[PDB]
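Okay, so here's the structure we're looking at.
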Protein chains: 2
Amino acid sequence: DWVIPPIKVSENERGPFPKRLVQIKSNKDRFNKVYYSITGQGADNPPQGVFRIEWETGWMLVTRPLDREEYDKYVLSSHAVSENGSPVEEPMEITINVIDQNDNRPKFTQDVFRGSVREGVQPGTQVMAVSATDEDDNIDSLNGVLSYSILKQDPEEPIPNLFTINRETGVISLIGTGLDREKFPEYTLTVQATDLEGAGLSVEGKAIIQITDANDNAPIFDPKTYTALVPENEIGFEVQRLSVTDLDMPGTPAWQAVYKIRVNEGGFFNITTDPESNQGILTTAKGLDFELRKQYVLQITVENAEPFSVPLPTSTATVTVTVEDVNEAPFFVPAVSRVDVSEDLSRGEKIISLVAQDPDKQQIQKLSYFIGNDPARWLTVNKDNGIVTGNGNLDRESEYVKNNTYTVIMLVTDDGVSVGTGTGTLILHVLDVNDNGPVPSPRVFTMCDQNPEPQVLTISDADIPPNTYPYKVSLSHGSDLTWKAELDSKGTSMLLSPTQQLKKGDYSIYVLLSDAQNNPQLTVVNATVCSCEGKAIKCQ
Amino acid sequence: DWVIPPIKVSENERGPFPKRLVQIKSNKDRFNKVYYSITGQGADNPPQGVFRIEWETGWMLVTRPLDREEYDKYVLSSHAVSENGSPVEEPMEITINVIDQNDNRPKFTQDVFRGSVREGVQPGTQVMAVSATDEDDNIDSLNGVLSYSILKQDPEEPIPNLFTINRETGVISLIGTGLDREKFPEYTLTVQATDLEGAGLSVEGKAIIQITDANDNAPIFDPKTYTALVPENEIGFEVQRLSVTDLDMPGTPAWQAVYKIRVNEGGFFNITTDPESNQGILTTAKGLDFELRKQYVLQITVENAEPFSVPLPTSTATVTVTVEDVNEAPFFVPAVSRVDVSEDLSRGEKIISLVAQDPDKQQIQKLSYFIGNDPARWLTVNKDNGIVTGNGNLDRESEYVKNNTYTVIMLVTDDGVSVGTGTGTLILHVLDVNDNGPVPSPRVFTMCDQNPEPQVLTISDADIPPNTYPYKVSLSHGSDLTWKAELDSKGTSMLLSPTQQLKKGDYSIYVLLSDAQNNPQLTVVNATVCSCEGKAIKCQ
Ligand SMILES: *[C@@H]1O[C@H](CO)[C@@H](O)[C@H](O)[C@H]1NC(C)=O
Ligand SMILES: *[C@@H]1O[C@H](CO)[C@@H](O)[C@H](O)[C@H]1NC(C)=O
Ligand SMILES: *[C@@H]1O[C@H](CO)[C@@H](O)[C@H](O)[C@H]1NC(C)=O
Ligand SMILES: *[C@@H]1O[C@H](CO)[C@@H](O)[C@H](O)[C@H]1NC(C)=O
Ligand SMILES: *[C@@H]1O[C@H](CO)[C@@H](O)[C@H](O)[C@H]1NC(C)=O
Ligand SMILES: *[C@@H]1O[C@H](CO)[C@@H](O)[C@H](O)[C@H]1NC(C)=O
Ligand SMILES: *[C@@H]1O[C@H](CO)[C@@H](O)[C@H](O)[C@H]1NC(C)=O
Ligand SMILES: *[C@@H]1O[C@H](CO)[C@@H](O)[C@H](O)[C@H]1NC(C)=O
Ligand SMILES: *[C@@H]1O[C@H](CO)[C@@H](O)[C@H](O)[C@H]1NC(C)=O
Ligand SMILES: *[C@@H]1O[C@H](CO)[C@@H](O)[C@H](O)[C@H]1NC(C)=O
Ligand SMILES: *[C@@H]1O[C@H](CO)[C@@H](O)[C@H](O)[C@H]1NC(C)=O
Ligand SMILES: *[C@@H]1O[C@H](CO)[C@@H](O)[C@H](O)[C@H]1NC(C)=O
Ligand SMILES: *[C@@H]1O[C@H](CO)[C@@H](O)[C@H](O)[C@H]1NC(C)=O
Ligand SMILES: *[C@@H]1O[C@H](CO)[C@@H](O)[C@H](O)[C@H]1NC(C)=O
Ligand SMILES: *[C@@H]1O[C@H](CO)[C@@H](O)[C@H](O)[C@H]1NC(C)=O
Ligand SMILES: *[C@@H]1O[C@H](CO)[C@@H](O)[C@H](O)[C@H]1NC(C)=O
Ligand SMILES: *[C@@H]1O[C@H](CO)[C@@H](O)[C@H](O)[C@H]1NC(C)=O
Ligand SMILES: *[C@@H]1O[C@H](CO)[C@@H](O)[C@H](O)[C@H]1NC(C)=O
Ligand SMILES: *[C@H]1O[C@H](CO)[C@@H](O)[C@H](O)[C@H]1NC(C)=O
Ligand SMILES: *[C@H]1O[C@H](CO)[C@@H](O)[C@H](O)[C@H]1NC(C)=O
Ligand SMILES: *[C@H]1O[C@H](CO)[C@@H](O)[C@H](O)[C@H]1NC(C)=O
Ligand SMILES: *[C@H]1O[C@H](CO)[C@@H](O)[C@H](O)[C@H]1NC(C)=O
Ligand SMILES: *[C@H]1O[C@H](CO)[C@@H](O)[C@H](O)[C@H]1NC(C)=O
Ligand SMILES: *[C@H]1O[C@H](CO)[C@@H](O)[C@H](O)[C@H]1NC(C)=O
Ligand SMILES: *[C@H]1O[C@H](CO)[C@@H](O)[C@H](O)[C@H]1NC(C)=O
Ligand SMILES: *[C@H]1O[C@H](CO)[C@@H](O)[C@H](O)[C@H]1NC(C)=O
Ligand SMILES: *[C@H]1O[C@H](CO)[C@@H](O)[C@H](O)[C@H]1NC(C)=O
Ligand SMILES: *[C@H]1O[C@H](CO)[C@@H](O)[C@H](O)[C@H]1NC(C)=O
Ligand SMILES: *[C@H]1O[C@H](CO)[C@@H](O)[C@H](O)[C@H]1NC(C)=O
Ligand SMILES: *[C@H]1O[C@H](CO)[C@@H](O)[C@H](O)[C@H]1NC(C)=O
Ligand SMILES: [Ca+2]
Ligand SMILES: [Ca+2]
Ligand SMILES: [Ca+2]
Ligand SMILES: [Ca+2]
Ligand SMILES: [Ca+2]
Ligand SMILES: [Ca+2]
Ligand SMILES: [Ca+2]
Ligand SMILES: [Ca+2]
Ligand SMILES: [Ca+2]
Ligand SMILES: [Ca+2]
Ligand SMILES: [Ca+2]
Ligand SMILES: [Ca+2]
Ligand SMILES: [Ca+2]
Ligand SMILES: [Ca+2]
Ligand SMILES: [Ca+2]
Ligand SMILES: [Ca+2]
Ligand SMILES: [Ca+2]
Ligand SMILES: [Ca+2]
Ligand SMILES: [Ca+2]
Ligand SMILES: [Ca+2]
Ligand SMILES: [Ca+2]
Ligand SMILES: [Ca+2]
Ligand SMILES: [Ca+2]
Ligand SMILES: [Ca+2]
């Protein structure tokens with residue numbers, strides 16, 4: 001058909017109501033009276049009564065103002081019946097479009113936006129982002145397009161133009177330079193959005209930016225030069241602690257100190273760090289020792305764990321140390337294999353005039369010499385002059401003496417001012433003299449009767465050679481009660497044989513030898529005889 | 001709206017009734033049950049029940065056959081109410097048109113049409129006009145248009161195609177030739193009219209034509225030659241009547257005869273016409289007279305009053321007349337101043353031998369002569385010979401005779417066969433003779449005594465001159481008793497005087513005269529005298 005165009009109507013209209021929109025006519029009215037009515041939402045349906053028609057003229061009206069924001073369009077159905085009561089025309093659809101008007105102010109997405117950036121970054125860096133909206137049209141008008149802006153950053157210091165915002169997108173960026181968490185950490189700037197691309201109505205928001213941290217700062221010592229005293233030897237011990245103040249953020253690696261000495265003399269120092277006021281705690285690496293050095297001039301520089309965000313001054317601490325003195329024990333010089341001395345020494349004679357030395361050249365402390373180790377008592381010391389003399393009777397020949405030795409240990413004490421011990425061994429070579437003289441091996445026989453065979457006997461000397469070289473056998477009172485002497489060819493033994501057919505048991509034979517001579521006297525080597533033929537038998 | 005088209009329905013429909021026309025639906029039926037009804041003429045209004053609707057389906061039906069001729073259209077109103085009882089749709093107008101069907105035969109305007117035309121007219125002449133009608137449509141179909149025609153003229157003689165009719169208009173015209181009122185005056189022809197321009201149904205009428213009259217005919221005499229007898233003189237009189245027969249229409253000028261003679265001899269004839277059988281009535285114009293003519297051959301032609309509608313033969317009647325004779329009176333020839341005759345005629349002498357003449361030469365009829373007029377008896381006639389003689393004594397001298405005349409009239413009579421008179425005057429010159437003689441004037445005197453003066457006396461003669469010429473006086477016995485005679489110079493008188501002194505009265509004197517002589521004797525002229533002197537005095 002020839003339909004009927006949609007009807008545009010403005011919003012928030014205002015004048016004298018009613019307002020005729022249009023007029024409709026059924027031509028089938030030649031016959032009876034026609035009754036015009038109309039139906040739909042806004043008509044008889046909810047919102048009832050916005051539009052109504054004059055049953056007799058065919059006029060359509062808007063009865064009151066409208067807000068497209070509420071309902072932006074309506075569709076209606078129109079009718080025409082006869083007085084008799086019958087419909088005449090197939091109904092007719094009707095449309096109305098509600099044209100937008102700038103009745104709406106915009107509104108920010110949130111009531112407050114927050115942001116953060118680091119202090120050391122470069123100009124032209126994107127920080128935050130902000131939103132807002134207008135409910136009016138924005139597809140055929142500007143009643144709903146906004147334009148963003150900024151008008152007041154607080155801390156109007158260092159300067160007041162650190163940022164800008166993209167008018168269309170509302171994004172903010174760092175424009176200037178001079179950000180420092182250490183002086184001004186959080187800005188609060190006021191934003192506004194406007195109707196018709198900055199032309200219409202405006203509103204406010206608030207965005208707040210916190211500033212991350214940077215290693216803008218270096219560490220600073222609170223003393224620059226310290227001093228402490230120290231002892232030579234127990235040690236590995238705490239000398240002095242140090243103080244400092246970095247200014248970036250505390251629990252952070254831009255706040256933790258790292259040290260080191262420049263030069264470690266004997267490399268006898270270690271230094272650690274501590275999460276207190278991360279003071280510098282210095283200590284001794286390997287004890288000290290001395291009388292060698294009293295002075296210690298060393299320097300320690302301090303850094304952070306992480307590198308610096310800028311060239312900065314490295315700052316050292318210069319420190320002086322002094323070693324207190326402890327006084328140590330003295331010592332005999334050697335451990336003496338000294339005196340190759342003979343057995344004939346006169347009880348009270350100079351053996352070893354000895355001396356001991358003591359470390360501490362503070363030496364105005366003497367000591368006393370004491371002896372100590374010990375198989376039995378011979379020797380003697382002058383305690384205030386360390387003089388070892390030889391008292392007593394010695395005898396290389398016999399008991400304690402093991403290999404050609406006699407080892408003895410002695411002491412010495414550090415007095416004068418405190419304490420001390422000195423353990424020193426002393427081996428002294430004893431010597432030989434020909435003391436003893438020759439002696440027979442077996443002392444009792446068992447001779448036989450009829451024809452006894454030679455009674456083997458031998459010789460032994462306690463002395464050391466030559467002193468036991470060859471012999472000379474001799475028979476004293478009974479050199480004839482019949483007894484005849486004899487030597488083995490290979491030196492050592494002697495052959496003892498009677499020369500008479502003598503008696504039934506129990507009787508001695510006086511013996512007498514010599515080796516350089518010395519002559520011993522020996523003696524009786526008794527002789528038990530019991531009935532027989534010729535071989536030395538078990539007796540009775 | 002989207003209305004609803006008119007519904008065409010045929011007429012005189014026929015099949016199984018009902019017949020669904022259309023179905024209607026209210027869409028507002030989602031809510032309750034809707035009740036369909038319908039109203040109007042043909043519905044609930046007169047013709048009630050032609051159409052009805054099914055309250056529950058919405059079907060509309062035609063219940064029975066229809067005739068557009070009765071009602072050619074219907075308009076209806078449809079309704080729809082809810083069960084609860086409320087109307088839902090404004091009613092709806094409904095229309096039905098009833099399409100025509102050839103159910104109607106045509107019909108003539110009148111039951112019989114009449115007409116008339118004159119016999120002598122020319123082919124291609126409009127006569128009558130005829131009408132008729134069909135009641136079916138004639139504006140979209142041919143169910144109502146007719147075509148006219150003819151199929152039977154009676155008097156299928158002279159020929160049978162004297163006319164035609166205009167098929168579309170129904171007008172009739174003369175097509176042929178030969179119309180004669182005189183033989184066939186009234187035709188009766190049958191006409192027909194037809195459906196669909198001569199295609200559908202047909203009917204009959206009747207038209208009757210009478211034929212006016214024309215002067216097709218001339219007049220015809222019934223005798224062709226007549227005869228009649230006639231008398232000379234009373235006259236102006238009816239000779240003979242004539243018969244004829246024209247054949248056109250009687251009371252009409254195409255039936256009235258007009259005559260005339262060809263040649264009117266002395267122009268003594270008139271002829272009129274008469275509304276009887278309009279015979280020719282001939283008569284005498286001015287008496288006749290004769291003995292001059294006996295024969296009359298004349299001719300009379302006859303026409304009509306109005307000219308002829310065609311060349312025709314003029315027909316004459318030839319007629320013969322004969323004049324009977326009447327015999328008239330005779331006549332003396334003149335009226336005579338004849339006879340200068342003298343007074344001395346001898347009683348019985350020829351004066352006037354006269355004759356008279358009579359007209360009719362049939363003359364074997366004589367007459368008798370009689371006299372008639374009259375102062376006294378002298379003359380005489382021979383009656384059978386007309387001879388006037390003179391008997392008697394005449395005398396020019398005296399009484400009847402006036403101027404020198406004597407007039408007399410006489411007669412004569414026509415006998416022999418019938419009657420007659422003849423009046424003729426007659427003057428006859430009488431003559432003079434000297435009869436008488438002289439005579440004295442006074443006859444008695446009165447003379448005087450002493451001295452009487454002359455007594456005058458005179459003379460007179462009865463005669464005519466010379467006969468009275470001069471005198472001669474004479475005195476007889478007393479020529480002396482004293483008396484002396486005398487004449488006047490101028491002739492006539494005489495002087496009478498005595499010569500004696502004589503006596504006293506009473507006495508005569510004898511006188512005597514003459515004129516040729518004749519001599520009279522006169523006489524006594526007495527004389528009375530009485531006393532005196534000299535003048536003739538009165539006496540005593
Ligand atoms: C930003 O927020 C802080 C915290 O309240 C406030 O003290 C300061 O004034 C605001 N503006 C700037 C530029 O710091
Ligand atoms: C020396 O060392 C001591 C240790 O107690 C310290 O207090 C002092 O500051 C250092 N410097 C000097 C000059 O004494
Ligand atoms: C670190 O020590 C310096 C030296 O006096 C001082 O100026 C600074 O304020 C100290 N740091 C802090 C946080 O006080
Ligand atoms: C202190 O500094 C030294 C030198 O680098 C390092 O080895 C040590 O681990 C530090 N102490 C601590 C607790 O970090
Ligand atoms: C530390 O060493 C420096 C370098 O010679 C010296 O001046 C100072 O006296 C020493 N000790 C102290 C107490 O500073
Ligand atoms: C000698 O030195 C040895 C080796 O230590 C030791 O066993 C002995 O007791 C010391 N004295 C003597 C008499 O041998
Ligand atoms: C010296 O050392 C000895 C070891 O034999 C010890 O018993 C003694 O206590 C020490 N003397 C002193 C004075 O400290
Ligand atoms: C020295 O004396 C000390 C103290 O008893 C002892 O421990 C040590 O064994 C002794 N000997 C030596 C050779 O120092
Ligand atoms: C040997 O025997 C004798 C005889 O009785 C006796 O006197 C002596 O003591 C014994 N031994 C020695 C070595 O004299
Ligand atoms: C016409 O009418 C006359 C009068 O009745 C009738 O006699 C005649 O037959 C009809 N037809 C004609 C052609 O004369
Ligand atoms: C003569 O006249 C008479 C008159 O009576 C008439 O009857 C007759 O027809 C006429 N013709 C002849 C030849 O007689
Ligand atoms: C007129 O006279 C003629 C002559 O005989 C005749 O033929 C005719 O019929 C007459 N007219 C009439 C109407 O009779
Ligand atoms: C008869 O004919 C004569 C000749 O024309 C005419 O004068 C006369 O009037 C006619 N008579 C009648 C009655 O028409
Ligand atoms: C009439 O006149 C004609 C013409 O001569 C003649 O023949 C006839 O006899 C006359 N009279 C009669 C009686 O016809
Ligand atoms: C003569 O004629 C006259 C004239 O008519 C007449 O009067 C008279 O009577 C006649 N007779 C005589 C005698 O005169
Ligand atoms: C002749 O005429 C006379 C006139 O005087 C008349 O009296 C008479 O009757 C007539 N005679 C005859 C015979 O008719
Ligand atoms: C002749 O006679 C007739 C008949 O009386 C008369 O009338 C007439 O006057 C007479 N006279 C003449 C001259 O005819
Ligand atoms: C005249 O008189 C005389 C005398 O008496 C007488 O006789 C006579 O008659 C008279 N007259 C005449 C004419 O005679
Ligand atoms: C010093 O002592 C600390 C503590 O035991 C140890 O971990 C470190 O290895 C030593 N040396 C250094 C150079 O720090
Ligand atoms: C000082 O030395 C440190 C390393 O010990 C270094 O990191 C720092 O950058 C140096 N100072 C300068 C100004 O370069
Ligand atoms: C510490 O002090 C000493 C002496 O003044 C100097 O040699 C050393 O360089 C100093 N360290 C610093 C960082 O100044
Ligand atoms: C530490 O500081 C001293 C004095 O200020 C300087 O001479 C030395 O070079 C510095 N040490 C380092 C490693 O930077
Ligand atoms: C004594 O000192 C010596 C060094 O000559 C050593 O060999 C020996 O073991 C020491 N003996 C003791 C008990 O100290
Ligand atoms: C005695 O001398 C030997 C050889 O020098 C030596 O090796 C040994 O240790 C010493 N003492 C002993 C009991 O062998
Ligand atoms: C003849 O007589 C009639 C009748 O009086 C008259 O009217 C007519 O004029 C006369 N003459 C003619 C020629 O008809
Ligand atoms: C004969 O004469 C009449 C007039 O008297 C005339 O009207 C008629 O036409 C004539 N006949 C013919 C054939 O012309
Ligand atoms: C009448 O008859 C006479 C004689 O036959 C003739 O001369 C005349 O012409 C006739 N008239 C007619 C019309 O024939
Ligand atoms: C009348 O008829 C006669 C004879 O038929 C004819 O000779 C004559 O010419 C006719 N007269 C007229 C006037 O036609
Ligand atoms: C007689 O006839 C004559 C003709 O001469 C005439 O003059 C006169 O009048 C007539 N008299 C009478 C009485 O007829
Ligand atoms: C006599 O004659 C005269 C003259 O002719 C004439 O005129 C007269 O009529 C006659 N009669 C009379 C009485 O005069
Ligand atoms: Ca709004
Ligand atoms: Ca809006
Ligand atoms: Ca807006
Ligand atoms: Ca900074
Ligand atoms: Ca730092
Ligand atoms: Ca920082
Ligand atoms: Ca030391
Ligand atoms: Ca020391
Ligand atoms: Ca010491
Ligand atoms: Ca010894
Ligand atoms: Ca020895
Ligand atoms: Ca020896
Ligand atoms: Ca019909
Ligand atoms: Ca029809
Ligand atoms: Ca029809
Ligand atoms: Ca005719
Ligand atoms: Ca005629
Ligand atoms: Ca006719
Ligand atoms: Ca005559
Ligand atoms: Ca006659
Ligand atoms: Ca006669
Ligand atoms: Ca006479
Ligand atoms: Ca005479
Ligand atoms: Ca005379």
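Chain labels follow the order of the structure tokens: the first chain is A, the next B, and so on; residue numbering restarts at 1 in every chain, and ligands are counted from 1 in their shown order.
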Surroundings of ligand 46 up to 10 Å, based on only C-alpha atoms and all ligand atoms, as a list in words: residues 118, 119, 120, 178, 179, 180, 181, 182, 183, 184, 185, 213, 214, 215, 216, 217, 247, 248 and 309 of chain B
For stretch 367-378 of chain B, work out the shell of residues within 9 Å, counting only C-alpha atoms and skipping chain neighbours fewer than 2 positions away, then give it as a ChimeraX atom specification. /B:330,347,356,365,380-387,389-394,400,406-416,420,425
Output file for the selection above: N, CA and C atoms, as a compact mmCIF listing (two decimals), in the first residue's frame:
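Result written to part23.txt:
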# COMPACT_ATOMS: atom_id res chain seq x y z
N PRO B 330 -97.53 41.61 -86.77
CA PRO B 330 -97.18 42.30 -88.01
C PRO B 330 -97.00 43.78 -87.68
N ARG B 347 -116.11 62.41 -100.52
CA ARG B 347 -116.45 61.35 -99.57
C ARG B 347 -116.45 59.95 -100.18
N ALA B 356 -98.74 46.60 -94.52
CA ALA B 356 -98.03 46.27 -93.30
C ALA B 356 -97.29 44.96 -93.57
N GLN B 365 -100.51 33.12 -93.10
CA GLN B 365 -101.23 33.68 -91.98
C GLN B 365 -101.56 35.10 -92.44
N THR B 380 -112.10 55.72 -93.80
CA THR B 380 -112.42 54.31 -93.77
C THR B 380 -111.56 53.35 -94.58
N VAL B 381 -111.37 52.23 -93.90
CA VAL B 381 -110.55 51.11 -94.28
C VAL B 381 -111.20 49.84 -94.77
N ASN B 382 -110.54 49.25 -95.75
CA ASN B 382 -110.94 47.97 -96.28
C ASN B 382 -110.04 47.15 -95.36
N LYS B 383 -110.63 46.28 -94.55
CA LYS B 383 -109.86 45.47 -93.61
C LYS B 383 -109.01 44.34 -94.21
N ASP B 384 -109.42 43.80 -95.35
CA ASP B 384 -108.70 42.70 -95.98
C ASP B 384 -107.80 43.17 -97.10
N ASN B 385 -107.51 44.47 -97.13
CA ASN B 385 -106.67 45.02 -98.17
C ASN B 385 -106.04 46.34 -97.76
N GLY B 386 -106.21 46.69 -96.49
CA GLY B 386 -105.64 47.92 -95.98
C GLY B 386 -105.69 49.08 -96.97
N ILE B 387 -106.88 49.62 -97.17
CA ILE B 387 -107.04 50.75 -98.06
C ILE B 387 -107.75 51.85 -97.29
N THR B 389 -109.56 55.16 -97.36
CA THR B 389 -110.30 56.07 -98.22
C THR B 389 -110.76 57.22 -97.35
N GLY B 390 -111.35 58.23 -97.97
CA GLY B 390 -111.80 59.37 -97.20
C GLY B 390 -113.28 59.63 -97.34
N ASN B 391 -114.03 59.27 -96.32
CA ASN B 391 -115.46 59.51 -96.33
C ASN B 391 -115.63 60.80 -95.52
N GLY B 392 -116.78 61.44 -95.66
CA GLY B 392 -117.05 62.64 -94.90
C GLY B 392 -116.68 64.02 -95.40
N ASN B 393 -117.09 64.98 -94.59
CA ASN B 393 -116.85 66.38 -94.84
C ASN B 393 -115.76 66.73 -93.87
N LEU B 394 -114.73 67.35 -94.41
CA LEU B 394 -113.61 67.76 -93.62
C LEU B 394 -113.67 69.27 -93.70
N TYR B 400 -110.43 70.44 -84.30
CA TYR B 400 -109.50 69.49 -83.76
C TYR B 400 -108.18 69.94 -84.32
N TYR B 406 -103.73 66.81 -88.13
CA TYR B 406 -104.79 65.87 -87.83
C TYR B 406 -104.04 64.55 -87.80
N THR B 407 -103.86 64.02 -86.61
CA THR B 407 -103.12 62.79 -86.41
C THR B 407 -104.08 61.70 -85.99
N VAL B 408 -103.86 60.54 -86.58
CA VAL B 408 -104.70 59.39 -86.33
C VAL B 408 -103.85 58.14 -86.28
N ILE B 409 -104.23 57.22 -85.40
CA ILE B 409 -103.51 55.97 -85.27
C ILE B 409 -104.43 54.83 -85.66
N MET B 410 -103.85 53.75 -86.18
CA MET B 410 -104.64 52.60 -86.61
C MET B 410 -103.99 51.28 -86.24
N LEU B 411 -104.73 50.19 -86.45
CA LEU B 411 -104.22 48.86 -86.13
C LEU B 411 -104.26 47.82 -87.25
N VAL B 412 -103.69 46.66 -86.95
CA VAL B 412 -103.64 45.52 -87.87
C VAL B 412 -103.42 44.27 -87.02
N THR B 413 -104.09 43.16 -87.37
CA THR B 413 -103.98 41.95 -86.56
C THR B 413 -103.50 40.66 -87.23
N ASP B 414 -102.59 39.98 -86.53
CA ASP B 414 -102.00 38.73 -86.97
C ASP B 414 -102.90 37.53 -86.70
N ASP B 415 -103.56 37.05 -87.75
CA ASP B 415 -104.44 35.89 -87.65
C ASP B 415 -103.89 34.87 -88.62
N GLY B 416 -104.70 33.90 -89.01
CA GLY B 416 -104.22 32.89 -89.93
C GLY B 416 -103.86 31.70 -89.08
N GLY B 420 -102.06 38.92 -82.83
CA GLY B 420 -101.23 40.07 -83.21
C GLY B 420 -101.80 41.48 -83.24
N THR B 425 -99.06 55.16 -86.10
CA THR B 425 -99.58 56.51 -86.15
C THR B 425 -99.62 56.98 -87.56
Shell of 7 Å around residue B:204, only C-alpha atoms, local chain residues under 4 positions omitted, as a PyMOL selection string: chain B and resi 190-193
Would you tabulate, counting only C-alpha atoms and all ligand atoms, all residues of chain A that have an atom at most 6 Å from an atom of ligand 8, showing the closest pair of atoms and their distance in Å to one decimal, sorted by chain then ascending number, as a tab-separated table?
residue	atom	partner	partner_atom_place_in_ligand_line	distance
A:421	CA	ligand 8	2 (O)	5.4
A:422	CA	ligand 8	1 (C)	5.1
A:423	CA	ligand 8	12 (C)	3.6
A:424	CA	ligand 8	13 (C)	5.3
Counting only C-alpha atoms, chain B residues within 12 Å of chain A, as a PyMOL selection string: chain B and resi 1-5+24-28+35-40+75-82+86-95
Would you mind exporting C-alpha atoms of the selected residues as a CSV table (one decimal), in the first residue's frame?
chain,number,residue,atom,x,y,z
B,1,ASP,CA,-9.0,0.5,5.8
B,2,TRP,CA,-8.6,-2.8,3.9
B,3,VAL,CA,-12.3,-2.9,3.2
B,4,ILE,CA,-14.3,-5.6,1.5
B,5,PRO,CA,-15.3,-5.6,-2.2
B,24,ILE,CA,-15.9,-12.9,8.0
B,25,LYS,CA,-13.8,-13.1,11.2
B,26,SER,CA,-13.2,-10.7,14.1
B,27,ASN,CA,-9.7,-11.2,15.5
B,28,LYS,CA,-10.7,-9.8,18.8
B,35,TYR,CA,-21.5,-13.8,18.0
B,36,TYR,CA,-21.9,-12.9,14.3
B,37,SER,CA,-25.1,-11.3,13.1
B,38,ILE,CA,-26.1,-8.9,10.3
B,39,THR,CA,-28.7,-6.2,9.5
B,40,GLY,CA,-30.5,-4.4,6.7
B,75,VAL,CA,-26.4,-3.0,1.3
B,76,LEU,CA,-25.9,-4.7,4.6
B,77,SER,CA,-24.4,-4.1,8.0
B,78,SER,CA,-22.4,-6.8,9.9
B,79,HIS,CA,-21.8,-7.3,13.6
B,80,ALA,CA,-19.8,-9.1,16.2
B,81,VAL,CA,-20.6,-9.2,20.0
B,82,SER,CA,-19.0,-11.0,22.9
B,86,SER,CA,-20.3,-6.2,24.4
B,87,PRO,CA,-19.7,-5.3,20.7
B,88,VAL,CA,-16.1,-5.7,19.6
B,89,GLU,CA,-15.8,-4.2,16.2
B,90,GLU,CA,-17.4,-1.1,14.7
B,91,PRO,CA,-19.9,-2.7,12.3
B,92,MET,CA,-19.1,-3.3,8.6
B,93,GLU,CA,-21.0,-2.2,5.5
B,94,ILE,CA,-21.6,-4.9,2.9
B,95,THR,CA,-22.7,-4.6,-0.8
Which residues of chain A have any atom within 6 Å of an atom in ligand 4 when counting only C-alpha atoms and all ligand atoms, and what is the closest pair of atoms for each, with the distance in Å to one decimal? Order the rows by chain and rising number and write it as JSON lines.
{"residue": "A:258", "atom": "CA", "partner": "ligand 4", "partner_atom_place_in_ligand_line": "2 (O)", "distance": 4.2}
{"residue": "A:259", "atom": "CA", "partner": "ligand 4", "partner_atom_place_in_ligand_line": "2 (O)", "distance": 4.3}
{"residue": "A:260", "atom": "CA", "partner": "ligand 4", "partner_atom_place_in_ligand_line": "4 (C)", "distance": 5.1}
{"residue": "A:271", "atom": "CA", "partner": "ligand 4", "partner_atom_place_in_ligand_line": "3 (C)", "distance": 5.9}
{"residue": "A:272", "atom": "CA", "partner": "ligand 4", "partner_atom_place_in_ligand_line": "1 (C)", "distance": 3.7}
{"residue": "A:273", "atom": "CA", "partner": "ligand 4", "partner_atom_place_in_ligand_line": "11 (N)", "distance": 3.5}
{"residue": "A:274", "atom": "CA", "partner": "ligand 4", "partner_atom_place_in_ligand_line": "13 (C)", "distance": 4.7}
Mind listing the strand (DSSP E or B) residues of stretch 119-258 of chain A, per DSSP on the backbone, as a ChimeraX atom specification? /A:125-129,132-133,147-153,163-165,171-174,180,184,186-194,202-204,207-212,221,225-231,238-242,244,257-258
Which polymer residues have any atom within 9 Å of an atom of stretch 293-306 of chain A, counting only C-alpha atoms, with same-chain residues fewer than 3 positions away left out, as number ranges by chain? A: 215, 218-221, 246, 253-265, 280, 289-290, 314-324
